[PDB]
Each structure stands twice: as structure tokens, then as C-alpha cells.
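J.: Got coords.txt for you, compact mmCIF, N, CA and C atoms and all ligand atoms:
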```
# COMPACT_ATOMS: atom_id res chain seq x y z
N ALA S 1 -14.50 -64.40 -2.80
CA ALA S 1 -15.71 -64.31 -1.93
C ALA S 1 -15.78 -62.98 -1.19
N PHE S 2 -14.75 -62.16 -1.32
CA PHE S 2 -14.72 -60.87 -0.64
C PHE S 2 -14.96 -59.68 -1.56
N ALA S 3 -15.45 -59.96 -2.76
CA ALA S 3 -15.74 -58.90 -3.72
C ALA S 3 -16.75 -57.92 -3.11
N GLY S 4 -16.38 -56.64 -3.08
CA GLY S 4 -17.28 -55.64 -2.52
C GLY S 4 -16.91 -55.18 -1.12
N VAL S 5 -16.09 -55.98 -0.44
CA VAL S 5 -15.65 -55.67 0.92
C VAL S 5 -14.18 -55.30 0.92
N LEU S 6 -13.37 -56.16 0.32
CA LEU S 6 -11.93 -55.93 0.24
C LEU S 6 -11.55 -55.80 -1.23
N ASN S 7 -10.59 -54.93 -1.54
CA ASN S 7 -10.17 -54.77 -2.92
C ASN S 7 -9.12 -55.82 -3.27
N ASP S 8 -9.03 -56.13 -4.56
CA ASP S 8 -8.09 -57.14 -5.05
C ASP S 8 -6.63 -56.77 -4.84
N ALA S 9 -6.31 -55.49 -4.94
CA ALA S 9 -4.94 -55.05 -4.76
C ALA S 9 -4.38 -55.47 -3.39
N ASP S 10 -5.08 -55.09 -2.32
CA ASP S 10 -4.65 -55.42 -0.96
C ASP S 10 -4.56 -56.93 -0.73
N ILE S 11 -5.56 -57.66 -1.22
CA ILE S 11 -5.58 -59.11 -1.07
C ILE S 11 -4.36 -59.71 -1.75
N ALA S 12 -3.96 -59.12 -2.87
CA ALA S 12 -2.80 -59.61 -3.60
C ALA S 12 -1.53 -59.41 -2.79
N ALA S 13 -1.38 -58.21 -2.24
CA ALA S 13 -0.20 -57.88 -1.44
C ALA S 13 -0.16 -58.66 -0.12
N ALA S 14 -1.32 -58.88 0.49
CA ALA S 14 -1.38 -59.61 1.76
C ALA S 14 -0.96 -61.08 1.58
N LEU S 15 -1.46 -61.72 0.53
CA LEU S 15 -1.09 -63.10 0.27
C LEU S 15 0.39 -63.18 -0.06
N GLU S 16 0.86 -62.23 -0.85
CA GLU S 16 2.26 -62.16 -1.27
C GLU S 16 3.22 -62.13 -0.08
N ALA S 17 2.95 -61.26 0.88
CA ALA S 17 3.79 -61.10 2.07
C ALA S 17 3.94 -62.38 2.89
N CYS S 18 2.86 -63.12 3.07
CA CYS S 18 2.89 -64.36 3.83
C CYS S 18 2.99 -65.58 2.91
N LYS S 19 3.81 -65.46 1.87
CA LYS S 19 4.01 -66.52 0.89
C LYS S 19 4.69 -67.77 1.46
N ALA S 20 5.89 -67.56 1.99
CA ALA S 20 6.69 -68.64 2.56
C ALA S 20 5.98 -69.21 3.78
N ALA S 21 5.98 -70.53 3.91
CA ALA S 21 5.35 -71.18 5.05
C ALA S 21 5.88 -70.55 6.32
N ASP S 22 4.99 -70.33 7.28
CA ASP S 22 5.33 -69.75 8.56
C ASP S 22 5.61 -68.23 8.57
N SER S 23 5.41 -67.56 7.44
CA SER S 23 5.61 -66.11 7.39
C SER S 23 4.32 -65.39 7.75
N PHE S 24 3.24 -66.15 7.90
CA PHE S 24 1.95 -65.56 8.22
C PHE S 24 1.81 -64.99 9.63
N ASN S 25 1.15 -63.84 9.70
CA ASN S 25 0.86 -63.14 10.95
C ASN S 25 -0.52 -62.55 10.69
N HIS S 26 -1.53 -63.01 11.42
CA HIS S 26 -2.89 -62.54 11.19
C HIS S 26 -3.08 -61.04 11.35
N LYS S 27 -2.37 -60.44 12.30
CA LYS S 27 -2.49 -59.00 12.53
C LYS S 27 -1.99 -58.23 11.30
N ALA S 28 -0.87 -58.67 10.74
CA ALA S 28 -0.33 -58.01 9.56
C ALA S 28 -1.28 -58.24 8.39
N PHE S 29 -1.87 -59.43 8.32
CA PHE S 29 -2.78 -59.72 7.21
C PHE S 29 -4.03 -58.85 7.34
N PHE S 30 -4.57 -58.75 8.55
CA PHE S 30 -5.76 -57.94 8.79
C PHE S 30 -5.55 -56.50 8.30
N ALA S 31 -4.43 -55.92 8.70
CA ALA S 31 -4.10 -54.55 8.35
C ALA S 31 -3.87 -54.36 6.86
N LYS S 32 -3.04 -55.20 6.27
CA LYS S 32 -2.75 -55.09 4.85
C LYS S 32 -3.96 -55.33 3.97
N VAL S 33 -4.78 -56.31 4.31
CA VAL S 33 -5.95 -56.61 3.49
C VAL S 33 -7.08 -55.59 3.65
N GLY S 34 -6.98 -54.76 4.69
CA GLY S 34 -7.99 -53.74 4.94
C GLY S 34 -9.14 -54.08 5.88
N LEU S 35 -9.05 -55.20 6.58
CA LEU S 35 -10.12 -55.64 7.49
C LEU S 35 -10.42 -54.77 8.71
N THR S 36 -9.37 -54.33 9.39
CA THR S 36 -9.51 -53.51 10.60
C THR S 36 -10.28 -52.20 10.42
N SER S 37 -10.37 -51.70 9.20
CA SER S 37 -11.08 -50.45 8.94
C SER S 37 -12.47 -50.68 8.34
N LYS S 38 -12.95 -51.92 8.38
CA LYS S 38 -14.25 -52.21 7.81
C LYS S 38 -15.40 -52.06 8.79
N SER S 39 -16.59 -51.87 8.24
CA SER S 39 -17.80 -51.70 9.03
C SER S 39 -18.17 -52.99 9.76
N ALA S 40 -19.11 -52.89 10.69
CA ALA S 40 -19.55 -54.04 11.46
C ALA S 40 -20.23 -55.05 10.54
N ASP S 41 -20.89 -54.56 9.50
CA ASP S 41 -21.56 -55.43 8.54
C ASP S 41 -20.56 -56.22 7.71
N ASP S 42 -19.45 -55.60 7.36
CA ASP S 42 -18.45 -56.29 6.57
C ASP S 42 -17.67 -57.27 7.44
N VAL S 43 -17.44 -56.90 8.69
CA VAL S 43 -16.71 -57.78 9.59
C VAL S 43 -17.49 -59.06 9.87
N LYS S 44 -18.82 -58.99 9.79
CA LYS S 44 -19.63 -60.18 10.02
C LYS S 44 -19.70 -61.00 8.74
N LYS S 45 -19.65 -60.32 7.59
CA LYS S 45 -19.67 -61.03 6.31
C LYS S 45 -18.38 -61.84 6.24
N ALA S 46 -17.29 -61.22 6.70
CA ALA S 46 -15.98 -61.86 6.70
C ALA S 46 -16.00 -63.10 7.57
N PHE S 47 -16.64 -63.01 8.73
CA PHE S 47 -16.74 -64.15 9.63
C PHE S 47 -17.49 -65.30 8.96
N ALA S 48 -18.66 -64.98 8.41
CA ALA S 48 -19.50 -65.98 7.74
C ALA S 48 -18.72 -66.75 6.68
N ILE S 49 -17.82 -66.06 5.99
CA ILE S 49 -17.01 -66.69 4.95
C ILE S 49 -15.94 -67.60 5.56
N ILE S 50 -15.11 -67.04 6.43
CA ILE S 50 -14.05 -67.81 7.06
C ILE S 50 -14.57 -69.00 7.87
N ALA S 51 -15.75 -68.85 8.48
CA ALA S 51 -16.35 -69.91 9.28
C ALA S 51 -16.93 -71.04 8.43
N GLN S 52 -16.96 -70.83 7.12
CA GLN S 52 -17.43 -71.83 6.16
C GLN S 52 -18.86 -72.35 6.32
N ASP S 53 -19.04 -73.43 7.09
CA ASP S 53 -20.38 -73.98 7.28
C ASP S 53 -21.20 -73.14 8.25
N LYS S 54 -22.21 -73.75 8.85
CA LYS S 54 -23.07 -73.04 9.77
C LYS S 54 -23.01 -73.57 11.20
N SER S 55 -21.80 -73.83 11.67
CA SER S 55 -21.63 -74.32 13.03
C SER S 55 -21.61 -73.11 13.96
N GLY S 56 -21.55 -71.92 13.36
CA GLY S 56 -21.52 -70.69 14.14
C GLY S 56 -20.15 -70.37 14.70
N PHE S 57 -19.16 -71.19 14.37
CA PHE S 57 -17.80 -70.98 14.87
C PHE S 57 -16.79 -71.30 13.78
N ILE S 58 -15.60 -70.74 13.93
CA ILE S 58 -14.52 -71.01 13.01
C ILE S 58 -13.74 -72.15 13.68
N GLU S 59 -13.98 -73.38 13.25
CA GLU S 59 -13.26 -74.50 13.83
C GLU S 59 -11.81 -74.41 13.38
N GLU S 60 -10.92 -75.10 14.09
CA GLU S 60 -9.50 -75.06 13.75
C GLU S 60 -9.20 -75.46 12.30
N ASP S 61 -9.74 -76.60 11.85
CA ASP S 61 -9.48 -77.04 10.49
C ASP S 61 -9.93 -75.97 9.49
N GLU S 62 -10.96 -75.21 9.85
CA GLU S 62 -11.44 -74.13 8.99
C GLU S 62 -10.40 -73.01 8.98
N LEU S 63 -9.89 -72.66 10.15
CA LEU S 63 -8.89 -71.61 10.27
C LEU S 63 -7.71 -71.90 9.36
N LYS S 64 -7.25 -73.15 9.40
CA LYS S 64 -6.12 -73.61 8.60
C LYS S 64 -6.25 -73.18 7.14
N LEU S 65 -7.49 -73.10 6.67
CA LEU S 65 -7.78 -72.72 5.29
C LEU S 65 -8.12 -71.24 5.14
N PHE S 66 -7.68 -70.45 6.11
CA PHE S 66 -7.95 -69.01 6.12
C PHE S 66 -7.61 -68.32 4.80
N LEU S 67 -6.37 -68.44 4.36
CA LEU S 67 -5.95 -67.79 3.11
C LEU S 67 -6.73 -68.19 1.87
N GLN S 68 -7.28 -69.40 1.85
CA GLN S 68 -8.01 -69.87 0.67
C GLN S 68 -9.33 -69.14 0.41
N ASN S 69 -9.88 -68.53 1.45
CA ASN S 69 -11.12 -67.78 1.30
C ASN S 69 -10.87 -66.57 0.40
N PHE S 70 -9.63 -66.06 0.44
CA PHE S 70 -9.22 -64.90 -0.36
C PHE S 70 -8.84 -65.30 -1.77
N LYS S 71 -8.07 -66.37 -1.89
CA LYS S 71 -7.63 -66.86 -3.18
C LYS S 71 -7.70 -68.38 -3.15
N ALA S 72 -8.61 -68.93 -3.94
CA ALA S 72 -8.82 -70.37 -4.00
C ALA S 72 -7.55 -71.23 -3.91
N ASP S 73 -6.56 -70.92 -4.73
CA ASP S 73 -5.32 -71.71 -4.75
C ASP S 73 -4.26 -71.33 -3.72
N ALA S 74 -4.61 -70.44 -2.79
CA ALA S 74 -3.65 -70.04 -1.77
C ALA S 74 -3.19 -71.28 -1.00
N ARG S 75 -2.08 -71.17 -0.29
CA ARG S 75 -1.57 -72.29 0.48
C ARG S 75 -2.32 -72.38 1.81
N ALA S 76 -2.34 -73.56 2.40
CA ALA S 76 -2.99 -73.73 3.69
C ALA S 76 -2.00 -73.20 4.71
N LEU S 77 -2.48 -72.75 5.87
CA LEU S 77 -1.56 -72.28 6.88
C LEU S 77 -0.86 -73.51 7.44
N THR S 78 0.27 -73.32 8.12
CA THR S 78 0.96 -74.47 8.69
C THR S 78 0.28 -74.80 10.00
N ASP S 79 0.61 -75.95 10.58
CA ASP S 79 0.02 -76.31 11.86
C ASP S 79 0.43 -75.23 12.85
N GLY S 80 1.70 -74.82 12.78
CA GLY S 80 2.19 -73.79 13.67
C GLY S 80 1.41 -72.50 13.52
N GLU S 81 1.36 -71.98 12.30
CA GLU S 81 0.61 -70.76 12.03
C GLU S 81 -0.84 -70.87 12.52
N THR S 82 -1.50 -71.98 12.20
CA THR S 82 -2.90 -72.17 12.58
C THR S 82 -3.10 -72.07 14.09
N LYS S 83 -2.20 -72.71 14.84
CA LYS S 83 -2.25 -72.73 16.30
C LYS S 83 -2.03 -71.36 16.92
N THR S 84 -1.11 -70.59 16.35
CA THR S 84 -0.81 -69.25 16.86
C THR S 84 -2.02 -68.35 16.65
N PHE S 85 -2.60 -68.45 15.46
CA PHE S 85 -3.78 -67.68 15.07
C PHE S 85 -4.95 -68.02 16.00
N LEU S 86 -5.20 -69.32 16.17
CA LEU S 86 -6.27 -69.81 17.03
C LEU S 86 -6.09 -69.39 18.48
N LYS S 87 -4.87 -69.58 19.00
CA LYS S 87 -4.58 -69.22 20.38
C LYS S 87 -4.94 -67.76 20.67
N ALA S 88 -4.54 -66.87 19.78
CA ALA S 88 -4.79 -65.45 19.95
C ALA S 88 -6.25 -65.06 19.83
N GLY S 89 -7.02 -65.81 19.05
CA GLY S 89 -8.42 -65.47 18.87
C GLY S 89 -9.38 -66.17 19.81
N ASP S 90 -9.06 -67.42 20.15
CA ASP S 90 -9.89 -68.23 21.03
C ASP S 90 -9.76 -67.82 22.49
N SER S 91 -10.35 -66.69 22.85
CA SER S 91 -10.28 -66.22 24.23
C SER S 91 -10.85 -67.21 25.25
N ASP S 92 -12.04 -67.76 24.99
CA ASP S 92 -12.63 -68.69 25.94
C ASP S 92 -11.98 -70.08 25.95
N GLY S 93 -10.99 -70.27 25.09
CA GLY S 93 -10.28 -71.54 25.05
C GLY S 93 -11.08 -72.81 24.84
N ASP S 94 -12.06 -72.76 23.95
CA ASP S 94 -12.87 -73.93 23.67
C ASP S 94 -12.37 -74.58 22.38
N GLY S 95 -11.25 -74.08 21.87
CA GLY S 95 -10.67 -74.64 20.66
C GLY S 95 -11.17 -74.08 19.34
N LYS S 96 -12.08 -73.10 19.38
CA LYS S 96 -12.59 -72.51 18.15
C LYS S 96 -12.80 -71.01 18.30
N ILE S 97 -13.14 -70.34 17.21
CA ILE S 97 -13.35 -68.89 17.27
C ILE S 97 -14.77 -68.48 16.89
N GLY S 98 -15.53 -68.04 17.89
CA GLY S 98 -16.90 -67.60 17.67
C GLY S 98 -16.96 -66.15 17.21
N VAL S 99 -18.16 -65.68 16.89
CA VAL S 99 -18.37 -64.32 16.40
C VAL S 99 -17.80 -63.22 17.31
N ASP S 100 -18.17 -63.24 18.59
CA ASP S 100 -17.69 -62.23 19.54
C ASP S 100 -16.16 -62.18 19.54
N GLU S 101 -15.53 -63.35 19.53
CA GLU S 101 -14.08 -63.43 19.52
C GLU S 101 -13.54 -62.80 18.24
N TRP S 102 -14.17 -63.14 17.12
CA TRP S 102 -13.78 -62.61 15.81
C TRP S 102 -13.85 -61.09 15.81
N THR S 103 -15.01 -60.56 16.19
CA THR S 103 -15.20 -59.11 16.24
C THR S 103 -14.08 -58.48 17.07
N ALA S 104 -13.92 -58.97 18.30
CA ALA S 104 -12.90 -58.48 19.22
C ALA S 104 -11.49 -58.57 18.64
N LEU S 105 -11.14 -59.74 18.12
CA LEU S 105 -9.81 -59.95 17.54
C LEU S 105 -9.50 -58.94 16.44
N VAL S 106 -10.48 -58.64 15.60
CA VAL S 106 -10.30 -57.68 14.52
C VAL S 106 -10.09 -56.27 15.06
N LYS S 107 -10.50 -56.05 16.31
CA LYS S 107 -10.36 -54.74 16.96
C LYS S 107 -9.07 -54.59 17.75
N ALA S 108 -8.41 -55.71 18.04
CA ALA S 108 -7.17 -55.69 18.79
C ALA S 108 -6.02 -55.24 17.90
CA CA I 201 -17.73 -73.41 11.03
CA CA I 202 -13.57 -69.68 21.50
```
Output the file's structure in the form of C-alpha cells.
Ligand SMILES: [Ca+2]
Ligand SMILES: [Ca+2]
T.:
Amino acid sequence: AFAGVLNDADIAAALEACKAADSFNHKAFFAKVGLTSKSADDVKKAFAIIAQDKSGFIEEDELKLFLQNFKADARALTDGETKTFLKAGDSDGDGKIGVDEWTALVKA
């Protein structure tokens, strides 16, 4: 779903690095996959994908499936990984990650 925004090479290496359960770190994934250097238009396309439906937010259960947006058969994040990722992104603490949070998080 990221064809045209992120290259396959980086996506391959990013998934590879966080292979073992609990090895995931969103900041490392962002950097390796090439997200932090993308335009505002691509960063919003990325949000629309990860957020799945049209609730306008990345709900926790959606976050858990973060890696699958890149590779269909990727593993789901662990409860631990999901919580760490959510905690760092959910600035307003409403339990989910909205667009502003996403934009900001990608800039941190
Ligand atoms: Ca959603
Ligand atoms: Ca939030």
C-alpha cells in the first residue's frame, strides 16, 4: 500500500530488523523505512493507510497491525510493543493517535 512513497528495499530491511517479537521500535522503523524524510503529502497518505477505516484516528487495535500495512503477512506487534508505540504518540492521552499527533510523532 506504500508503492510510490516508500521503496521496497527499505521496507524489507525495516521489517527484518524488528523480526523477533518485542524487537520493534517505531523510531528506528520510521528512519529505516524512510518516513521521516517524506513530504507532508506522503506523511498524510501514510496516516490514512495505518489508520485503516475512516474514524479519523489510529485506534490501538489498528496500531497493533502497523507492520501489516507494509507487508500483508508481517507479524502483529506485541501488546507491549503496541502500548509503547501508542504511549509515545498519543500526546492527548485519549487512547488513540490522531493526525496532528501522527505528523508530530514523525517529526520527533
Ligand atoms: Ca481508524
Ligand atoms: Ca490522541
J.: Using all atoms listed in the file, which residues of the polymer chains come no farther than 6 Å from ligand CA 202 (chain I)? I'd like the answer as an MDAnalysis selection string.
T.: chainID S and resid 89:98
J.: Once you count all atoms listed in the file, which residues end up within 6 Å of ligand CA 201 (chain I), and could you hand them over as number ranges by chain?
T.: S: 51-59
J.: Give me every strand (DSSP E) residue in chain S, going by DSSP on the backbone, as a PyMOL selection string.
T.: chain S and resi 57-58+97-98
J.: Please, could you write that set of residues out with N, CA and C atoms as an mmCIF file, keeping the file's coordinate frame?
T.:
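So the final result, stored in part.cif, reads:
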```cif
data_model
loop_
_atom_site.group_PDB
_atom_site.id
_atom_site.type_symbol
_atom_site.label_atom_id
_atom_site.label_comp_id
_atom_site.auth_asym_id
_atom_site.auth_seq_id
_atom_site.Cartn_x
_atom_site.Cartn_y
_atom_site.Cartn_z
ATOM 1 N N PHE S 57 -19.160 -71.190 14.370
ATOM 2 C CA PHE S 57 -17.800 -70.980 14.870
ATOM 3 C C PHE S 57 -16.790 -71.300 13.780
ATOM 4 N N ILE S 58 -15.600 -70.740 13.930
ATOM 5 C CA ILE S 58 -14.520 -71.010 13.010
ATOM 6 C C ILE S 58 -13.740 -72.150 13.680
ATOM 7 N N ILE S 97 -13.140 -70.340 17.210
ATOM 8 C CA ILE S 97 -13.350 -68.890 17.270
ATOM 9 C C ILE S 97 -14.770 -68.480 16.890
ATOM 10 N N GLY S 98 -15.530 -68.040 17.890
ATOM 11 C CA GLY S 98 -16.900 -67.600 17.670
ATOM 12 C C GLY S 98 -16.960 -66.150 17.210
#
```
J.: Based on the backbone DSSP call, show me all residues of chain S assigned alpha helix (DSSP H), as a PyMOL selection string.
T.: chain S and resi 8-17+26-33+40-50+60-64+79-89+99-107
J.: Find the residue from S:39, S:100, S:63, S:32 that sits nearest to residue 85 of chain S; use all atoms listed in the file when measuring.
T.: S:63
J.: How many Å lie between atom CA of residue 3 of chain S and atom N of residue 22 of chain S, rounded to one decimal?
T.: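 We find that atom CA of residue 3 of chain S and atom N of residue 22 of chain S lie 26.1 Å from each other.
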J.: Quick check, in Å to one decimal: how far apart do atom CA of residue 48 of chain S and atom CA of residue 65 of chain S lie?
T.: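 Computing it gives 13.7 Å between the two atoms.
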J.: Padding 5 Å on every side, please: axis-aligned box over the listed atoms of segment 21-35 of chain S, centre and edge lengths to one decimal in Å, as lines of an AutoDock Vina configuration file.
T.:
```
center_x = -2.2
center_y = -62.5
center_z = 8.0
size_x = 26.4
size_y = 27.4
size_z = 19.0
```
J.: For residue 82 of chain S, which of S:49, S:101, S:70, S:64 is the closest residue, counting only N, CA and C atoms?
T.: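 Between S:49, S:101, S:70, S:64, the residue approaching residue 82 of chain S most closely is S:64.
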J.: Kindly give the distance, in Å, that separates atom C of residue 106 of chain S and atom N of residue 73 of chain S, rounded to a single decimal.
T.: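 About the pair atom C of residue 106 of chain S and atom N of residue 73 of chain S: they are 24.9 Å apart.
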J.: Env of residue 1 of chain S: 10 Å cut, atoms = only C-alpha atoms, seq-sep filter 6 positions within chain, self excluded. Answer as JSON, numbers by chain.
T.: {"S": [45, 46, 49, 50, 68, 69, 70, 71, 72]}
